[PDB]
Structure formats: structure tokens, C-alpha cells
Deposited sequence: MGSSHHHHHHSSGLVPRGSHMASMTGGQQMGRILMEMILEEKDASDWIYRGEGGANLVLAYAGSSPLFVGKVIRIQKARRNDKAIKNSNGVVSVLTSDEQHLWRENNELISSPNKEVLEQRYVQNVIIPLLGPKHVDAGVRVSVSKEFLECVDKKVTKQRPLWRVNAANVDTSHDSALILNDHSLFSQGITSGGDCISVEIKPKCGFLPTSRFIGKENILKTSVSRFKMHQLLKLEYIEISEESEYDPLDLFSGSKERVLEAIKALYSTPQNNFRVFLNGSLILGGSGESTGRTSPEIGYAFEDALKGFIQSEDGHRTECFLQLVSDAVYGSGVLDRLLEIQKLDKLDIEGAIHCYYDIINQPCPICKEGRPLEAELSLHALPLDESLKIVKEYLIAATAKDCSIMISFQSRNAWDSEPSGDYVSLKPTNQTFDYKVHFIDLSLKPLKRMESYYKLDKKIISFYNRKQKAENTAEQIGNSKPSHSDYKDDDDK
């Protein structure tokens, strides 16, 4: 892949860690593909090698692309089944390709995403996945987050709100406080993962209203609702109307029909149940896991029973924490086009559900995970009153 192929890629979005471009070309090699490119903010550490030592191919990975590839394949797939997970094929890229591509997209990237990161033009590799906004095609991206309450004996007396109130809902307050969002989200993950149909519908309405970085809709691969590479403001009446109009033809009628159809899809695919069992791989909560983290790296625990545990035990706990970290921050894409089908307008739609962004979380991140958790609850406690 060379500098001149850069033209054949168009901006599609990004998260904290990767840039994503869809193919606008004619090449059979790349039709229906997106290209996923790692960013450098501004291979495995010794402790990681040991943590994930159970998979040897995984920890001998030469670069980060093959790393995520094997992670998903060897650690995640066995857990979520391969029907909705794609580990993505690896492709070679040149420096001038990434540089040029990076030059190209800056214009459509959000400002604070540009301040924080660019493309890591030092990588000689990049991941090619299937464009899930392509089966007319209406795809929907959901970022569910953690859909459960912690229950740990390791959550302090001073933190009696963490077993009652979702981490999402507490985080909304902090986000708002640092001018990262404009108004509190109506979305509640507990509704989405509730495994009740009525309550999934509730969550999907809630997502439509205040989408933030949790909800997005694409027509033939182009954003029609939701922020581009970022969070977006509440859906205003102008937004409502233009999204409504973007629907014509697809929903024979429209917005409420669409949300019902999304709700029925999610629910009847039970794709969120399996995801939830993985998230729940966080059996102790950070307030528990962090102690094990300090044993692992053989550092005296600054935070101070959990320490009386065998290394292998401590290791599996921090391992599964990170694995749940991954499930807690992945996303789901559901493709729609007129056993996996959905049905007033009398239409029946086919649909496909995929997992995206199953990224391996850096072990070092256990420290800032604890720092942030600490910050979330102490800000939520203060507020009540």
C-alpha cells in the first residue's frame, strides 16, 4: 500500500485509539472494507508478557496490529463465539501512505481529537475489517458500556452509591463537570442489558434522544445521526426532522418504527447477554482488582486478605479485569436491509450484528482506572445533598 492509494480512503470516524477509513475505490480487494489505523497519543511490557503468558502466539506478536488480531482471535473469540466477531486481516502500509492519509482526514476530525493524537506513522501494518455499515443499508452503532452493578466486599463504606447507581450515570456528572458533554444522558445501560424487551426499547429511545458517543446511524455508510468521531448534543427538533427524512423509502410509512425495529433486533439476537457475562468478568470491581495489580508488578500496595493470594490467582483476576474492560468499551453494529430477520408497515428486515473495538487494554492502565473510579464516586458523593 502506497502514498497514492491514500486518495481511495475516506474518513469514517475514530475512538480514543484508532482512526477508521472506508474504501471509496473500485478495487475488488477493498470494496466493503474499512481500514483501521492506530494512533499515537502524546510491544508488550514484561508484566504484560507474564499476564497474557497463557497464549504464546499472543505475546510474541511483532507489532500492535497482529497483537489486537491475536487478542480477539485467541482470547476474545473463545468467549463471544465467532458469529459476530471479526479479527480483521492484516495489510502492509508505507510511511508516506499514513502520513498522506493523516494529512487528508484532519479537516473532518474533531479538534480535541487532533490535539490529543495523530496517526502512528511508524507502524508498517494496519487492520482491514468489513464495513458493517454495508450489507439500501441502515446500520446502527451502539456503545452499551457497563450494564451492571458492582457488589464487591472491597467497596468502602464511604462508597455505598456504587452498588446502587450505574457507573455510566455517575460518570455523566463528571463528564458534564469538565465540559465534555452538554447535558446529562437519558441513557441507562441497566435498561439495555436488563434482558427485558420493554426496557431495551426504553434504552433505544433514550439513545436516540441524547446519543452522545453511544449511538450512531449510517445510511449506506454516511452518518445520519450521532457525532462524527465524537459525542453529539441532544437530538433537537431539526435533527429529528432530517433523520426522519433520511428514513423515507427504507421504513415504509418512521423514526418510532425505526427504534422499535432496532429494539426488536438487539433483544431477539440476545447479543447483549453474552457481552454482559464477559463484562462481569470484573468480579471484584477496581477497588478490589487494584490490590492484585500491585502484587502482580511486585510493588508495595499504596492503597493499603486479597494480598494473601497465590500469584496465579492474582494474575487471573487482573487478566479477567482487562478482558472485561474490553467488553465494557466495545461497540455493536447492526446492519439492516429490507432466522435473523425482524418484522404495522408489514415489512420484514434482515440484520447482522457485529462486535467492533475489542481492544486489549494496557496493564499500566490499572492505575488510572483506579484514579478515575476514585474521582467519579467522590464527585458523585459530594453532589448528593
Missing stretches, numbered from 1 on the deposited chain sequence and kept in order:
1-38, 81-93, 187-194, 313-316, 368-377, 412-420, 426-427, 470-493
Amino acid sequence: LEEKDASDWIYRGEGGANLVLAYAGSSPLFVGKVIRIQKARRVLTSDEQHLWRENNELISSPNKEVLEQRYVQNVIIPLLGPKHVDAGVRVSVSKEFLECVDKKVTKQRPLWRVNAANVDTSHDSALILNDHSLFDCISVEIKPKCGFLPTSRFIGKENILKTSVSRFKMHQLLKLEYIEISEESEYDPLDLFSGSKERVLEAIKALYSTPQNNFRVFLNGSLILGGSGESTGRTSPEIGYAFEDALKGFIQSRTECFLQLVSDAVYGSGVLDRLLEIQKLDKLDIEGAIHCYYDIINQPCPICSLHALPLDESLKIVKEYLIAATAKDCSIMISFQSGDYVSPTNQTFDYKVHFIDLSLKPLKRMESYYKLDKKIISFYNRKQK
From here on, numbers count along this sequence of modelled residues.
Determine, for stretches 90-98 and 275-283, which one has the higher mean CA B-factor as deposited.
90-98
Comparing 351-359 with 315-323, the one whose average Cα B-factor in the PDB entry is higher
351-359
Note to self: of 111, 203, 292, 266, the C-alpha temperature factor tops out at 111
Based on the PDB entry, the highest CA temperature factor among the options 141, 188, 245, 198 is that of 245
Taking only the Cα B-factors deposited for this chain, tell me whether residue 44 sits in the lowest, middle or highest third.
lowest
Residue 218, C-alpha B-factor rank within chain (lowest, middle or highest third):
middle
In terms of its chain's C-alpha B-factors, the third that includes residue 252 is the highest
Quick tally, chain-level thirds of C-alpha B-factors: residue 329 sits in the lowest
Chain third (lowest, middle, highest) by recorded CA B-factor, residue given as residue 231
middle
